[PDB]
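This report refers to the structure that appears directly beneath it.
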Amino acid sequence: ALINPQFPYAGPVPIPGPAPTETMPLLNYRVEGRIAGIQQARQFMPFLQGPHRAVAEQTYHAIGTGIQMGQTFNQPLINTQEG
Amino acid sequence: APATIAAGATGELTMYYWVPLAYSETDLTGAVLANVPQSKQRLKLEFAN
């Protein structure tokens, strides 16, 4: 702010002001609020809580069976070298 | 503004300009405090002739 003498800035907005209204009042709000609809315990989703496999491992079962059977052919006898 | 004004005709035009001080409605950078001094502001406008 600058004040300049001799033209000085009025020393106030004075008493000639026009009170325009008495509408100043905010009427307090008084209220009762009830949000009470029956609630049912459940919601349907496509899927909740699953941690789906991105790849599975290979998996398997097992079997064996049979017996011990055989047809054989042997090497001929040979002269013994030494000993 | 009329695209053309024919010989003998009178056209009516309307134009608006926003002279900013503040950068925007939410960014007050550049705004001016004018409550604080009796010193006047000057908005100079030079029109077409």
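Identifiers for the structure tokens are assigned positionally: chains receive A, B, ... in sequence, residues are indexed from 1 per chain, and ligands are indexed from 1 in the order shown.
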
**Prompt:** Any idea which chain A residues end up within 8 Å of chain B if we count only C-alpha atoms, as a ChimeraX atom specification please?
**Reply:** /A:1-2,9

I need the chosen residues saved as an mmCIF file, in the first residue's frame, with N, CA, C and O atoms.
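Contents of selection24.cif, freshly written:
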data_model
loop_
_atom_site.group_PDB
_atom_site.id
_atom_site.type_symbol
_atom_site.label_atom_id
_atom_site.label_comp_id
_atom_site.auth_asym_id
_atom_site.auth_seq_id
_atom_site.Cartn_x
_atom_site.Cartn_y
_atom_site.Cartn_z
ATOM 1 N N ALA A 1 0.799 -1.229 0.000
ATOM 2 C CA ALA A 1 0.000 0.000 0.000
ATOM 3 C C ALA A 1 0.832 1.280 0.000
ATOM 4 O O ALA A 1 1.758 1.441 0.808
ATOM 5 N N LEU A 2 0.491 2.172 -0.904
ATOM 6 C CA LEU A 2 0.933 3.569 -0.790
ATOM 7 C C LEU A 2 -0.105 4.618 -0.494
ATOM 8 O O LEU A 2 -1.136 4.691 -1.179
ATOM 9 N N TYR A 9 -5.574 8.429 1.057
ATOM 10 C CA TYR A 9 -6.553 7.360 1.016
ATOM 11 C C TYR A 9 -7.396 7.478 2.219
ATOM 12 O O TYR A 9 -6.933 7.735 3.289
#

**Request:** Quick one: everything within 12 Å of residue 19 (chain B), counting only C-alpha atoms, minus sequence neighbours fewer than 3 positions away in the same chain. Send it as a ChimeraX atom specification.
**Result:** /B:16,22-24,30-31,43-45

Could those residues be written to a file, using N, CA, C and O atoms, as a PDB file, in the first residue's frame?
ATOM      1  N   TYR B  16     -15.611 -12.061 -28.972  1.00  0.00           N
ATOM      2  CA  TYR B  16     -15.272 -12.089 -27.553  1.00  0.00           C
ATOM      3  C   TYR B  16     -13.776 -12.372 -27.414  1.00  0.00           C
ATOM      4  O   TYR B  16     -13.208 -13.132 -28.204  1.00  0.00           O
ATOM      5  N   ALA B  22      -4.641 -14.138 -14.444  1.00  0.00           N
ATOM      6  CA  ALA B  22      -4.374 -15.459 -13.883  1.00  0.00           C
ATOM      7  C   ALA B  22      -4.213 -16.418 -15.064  1.00  0.00           C
ATOM      8  O   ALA B  22      -4.844 -16.232 -16.107  1.00  0.00           O
ATOM      9  N   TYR B  23      -3.379 -17.436 -14.908  1.00  0.00           N
ATOM     10  CA  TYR B  23      -3.166 -18.399 -15.981  1.00  0.00           C
ATOM     11  C   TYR B  23      -4.446 -19.189 -16.314  1.00  0.00           C
ATOM     12  O   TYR B  23      -4.753 -19.412 -17.487  1.00  0.00           O
ATOM     13  N   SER B  24      -5.184 -19.614 -15.291  1.00  0.00           N
ATOM     14  CA  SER B  24      -6.417 -20.370 -15.508  1.00  0.00           C
ATOM     15  C   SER B  24      -7.369 -20.204 -14.323  1.00  0.00           C
ATOM     16  O   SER B  24      -7.123 -19.391 -13.435  1.00  0.00           O
ATOM     17  N   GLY B  30       0.018 -15.180 -12.005  1.00  0.00           N
ATOM     18  CA  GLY B  30      -0.251 -14.036 -12.865  1.00  0.00           C
ATOM     19  C   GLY B  30      -1.442 -13.197 -12.447  1.00  0.00           C
ATOM     20  O   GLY B  30      -1.671 -12.111 -12.996  1.00  0.00           O
ATOM     21  N   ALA B  31      -2.217 -13.689 -11.486  1.00  0.00           N
ATOM     22  CA  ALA B  31      -3.372 -12.936 -11.018  1.00  0.00           C
ATOM     23  C   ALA B  31      -2.893 -11.648 -10.325  1.00  0.00           C
ATOM     24  O   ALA B  31      -1.722 -11.536  -9.931  1.00  0.00           O
ATOM     25  N   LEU B  43      -6.888  -0.949 -18.526  1.00  0.00           N
ATOM     26  CA  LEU B  43      -7.073  -1.960 -19.574  1.00  0.00           C
ATOM     27  C   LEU B  43      -7.250  -1.117 -20.833  1.00  0.00           C
ATOM     28  O   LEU B  43      -8.305  -0.509 -21.041  1.00  0.00           O
ATOM     29  N   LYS B  44      -6.206  -1.042 -21.644  1.00  0.00           N
ATOM     30  CA  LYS B  44      -6.258  -0.245 -22.861  1.00  0.00           C
ATOM     31  C   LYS B  44      -6.687  -1.085 -24.059  1.00  0.00           C
ATOM     32  O   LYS B  44      -6.150  -2.173 -24.298  1.00  0.00           O
ATOM     33  N   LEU B  45      -7.665  -0.581 -24.803  1.00  0.00           N
ATOM     34  CA  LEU B  45      -8.167  -1.297 -25.972  1.00  0.00           C
ATOM     35  C   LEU B  45      -8.153  -0.420 -27.202  1.00  0.00           C
ATOM     36  O   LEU B  45      -8.689   0.697 -27.175  1.00  0.00           O
TER      37      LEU B  45
END

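Atom pair CA of residue 60 (chain A) / CA of residue 47 (chain A) has a distance of 28.5 Å (rounded to one decimal).
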